[PDB]
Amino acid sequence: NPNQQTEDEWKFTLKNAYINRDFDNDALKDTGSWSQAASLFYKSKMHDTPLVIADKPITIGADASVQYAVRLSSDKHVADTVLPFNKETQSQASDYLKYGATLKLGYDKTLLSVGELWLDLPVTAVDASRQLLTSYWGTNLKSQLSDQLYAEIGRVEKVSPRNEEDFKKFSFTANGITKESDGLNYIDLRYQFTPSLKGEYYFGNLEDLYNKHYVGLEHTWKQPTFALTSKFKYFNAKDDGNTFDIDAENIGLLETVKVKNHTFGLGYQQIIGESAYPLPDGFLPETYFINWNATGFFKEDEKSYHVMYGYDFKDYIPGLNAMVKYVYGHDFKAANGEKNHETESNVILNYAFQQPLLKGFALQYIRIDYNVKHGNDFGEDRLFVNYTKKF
């Protein structure tokens, strides 16, 4: 619950990150970097003030963060989407620094936060896919209004993307023209219908860009020998006032089964309307899609078919797991108006080291292969050496 932290929590991390996107076509330029980062995250316990109102204290705390990465590879003079890029000089940054702080005020099962926010929502999610992590600046209010109903409202004025140093306004870009928003006003509601069924409704008013509705329902069927996870997801995006002609729905179904150490998933997604499904500038991923991945399958009219196989190797090699995903998308058009289709495969290998000497170290390798009938084919490698210590 939201006003419930009794102890300070610190997190120290290290990340050595190699990302390489290689276009099949020789005419295009390969992107990426090699970087080393160090970071520290602090979250205070909630402290009892001397004001008690109906047997509950008013509470105060604070949070703060700092993240720092150095580029190690040589300058490719093209954007990678990992580290900042100076577009004028055409230079990848040689290093970048993020920091933030947050004021907290709590009462009973409510927590008001002002400053840096780590959001885990539609539009504003966790983005840990590259080097440093996206955060947000604004005010929000969270409450466990009952055993079954959780609510949260907020106004988010600024975003600091994963590859940038500063907090800036949200924006949307089309046809090489950029417009900014004064803010995102949102509500998110999470209802536990039964032990096996829950739902989420979200509404986001991204001022002067677009308004977004999301309904998510998730059911978990537990059996003696397997567990089946069913998800239905509905998104609706429409422009706020005018400027863009955003007109899109994204409907999705995912079914995932865990048996002993195996995982198998199938999904389907469809985009409907007169536009592609929109994402804000600055690579903000939509993590509540059934399968957020490298390319997204969110193009206008696009239907996609998703398959997933996973093995957790704890019985042969502890700390090792692997996951393979394959998506095919069709019924969208290229820019020339020609019928298009595309595929994306992912391979994800995780190894957490088990020797006590090496506690908190892990390795991760990610392989992406994208292909498209009209467009640019590529292969991407991502290799991470991670260290995490929690105290």
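Note that residue numbering begins at 1 and tracks the sequence as displayed.
Student: Look up the CA B-factors in the entry and say which stretch, 185-193 or 220-228, has the higher mean.
Tutor: Going by the record's values, the stretch with the higher mean is 220-228.
Student: Tell me which stretch, 370-378 or 5-13, has the higher mean Cα B-factor listed in the entry.
Tutor: Mean B over CA atoms: larger for 5-13.
Student: Highest Cα B-factor in the PDB entry belongs to which of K87, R162, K299, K98?
Tutor: Result of the comparison over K87, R162, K299, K98: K87.
Student: Which one of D239, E274, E200, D80 shows the top CA temperature factor in the record?
Tutor: Checking the PDB record, the top C-alpha B-factor among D239, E274, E200, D80 is at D239.
Student: Among all modelled residues of this chain, ranked by Cα B factor, put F391 in the bottom, middle or top third, i.e. lowest, middle or highest.
Tutor: Top third by C-alpha B-factor.
Student: State the tercile, meaning the lowest, middle or highest third, of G329 with respect to the CA B-factors recorded for its chain.
Tutor: According to the entry, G329 has a C-alpha B-factor in the chain's middle third.
Student: How does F353 rank on Cα B-factor within its chain, lowest, middle or highest third?
Tutor: Middle third.
Student: If you rank every modelled residue in this chain by C-alpha B factor, which third holds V347: lowest, middle or highest?
Tutor: Its C-alpha B-factor belongs to the middle third of this chain's values.
Student: When the deposited Cα B-factors of this chain's modelled residues are ordered and cut into thirds, is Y107 in the lowest, the middle or the highest one?
Tutor: For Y107, the deposited C-alpha B-factor lands in the highest third.
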